[PDB]
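A.B. asks: Oh and the sequence shown: position 61 is 62 in the authors' numbering, straight run, nothing missing. The beta-carbon is built from N, C-alpha and C at its ideal position, and this holds for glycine as well.
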Amino acid sequence: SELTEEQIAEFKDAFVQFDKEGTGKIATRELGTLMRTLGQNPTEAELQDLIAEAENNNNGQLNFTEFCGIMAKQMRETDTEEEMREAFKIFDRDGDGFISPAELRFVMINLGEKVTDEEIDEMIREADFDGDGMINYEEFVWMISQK
Ligand SMILES: [Ca+2]
Ligand SMILES: [Ca+2]
């Protein structure tokens, strides 16, 4: 839950335990497994982001700063993902599971970000892949990450 003396030594140990290449780094294909043996638990997409980016660049290796970096984020709370899902619910005045330009227009005002039905309507289309003019926790995570 924090980078405390013991905690640091905890994952730092589990870090050198997976050191294959020996370049002071561990293969990305081991990070997830490292997050399993540890109280860590990111999002499928996240672990895929690193493995995919590092997939073909440096045999997929990680540094103490790389792992501890993500651990720093998760430790800060749990995953920081719940914060976005929460805003999604807010932006969703209905319980249907999707958001409409109208709802989006009402909430943004609640927060304090005065927006025009046009600017946000566009942000919805850019996030709407399936094609329904509505936003789901998935389409939401995408557009919000653009902030
Ligand atoms: Ca709705
Ligand atoms: Ca949609």
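1) Note down the Cα distance separating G33 from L48, rounded to an integer number of angstroms.
2) Excluding five sequence neighbours on each side, which residues of the same chain lie with their C-beta closer than 7 Å to the C-beta of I52?
3) Starting from the Cα of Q147, find the closest Cα among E127, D133, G134, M135 and give me that residue.
4) With a threshold of 6 Å on Cβ separation, who are the neighbours of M85 within its own chain once the five nearest residues in sequence on each side are excluded?
5) Given a threshold of 16 other Cβ atoms within 10 Å of its Cβ, counted over all protein chains shown, does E140 qualify as buried or as exposed?
6) If you draw a straight line from the C-alpha of residue 1 to the C-alpha of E6, how long is it?
7) Would the beta-carbon of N137 be found less than 7 Å away from any heavy atom of ligand 2?
C.D. replies: Reading from the atomic positions:
1) Taking the straight line joining both Cα atoms gives about 6 Å.
2) Answer for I52: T29, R30, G61, listed in chain order.
3) Measuring from the Cα of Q147, the nearest candidate turns out to be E127.
4) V142, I145
5) buried
6) There is no way to answer for residue 1, as the model of the chain reaches only from 2 to 148.
7) yes
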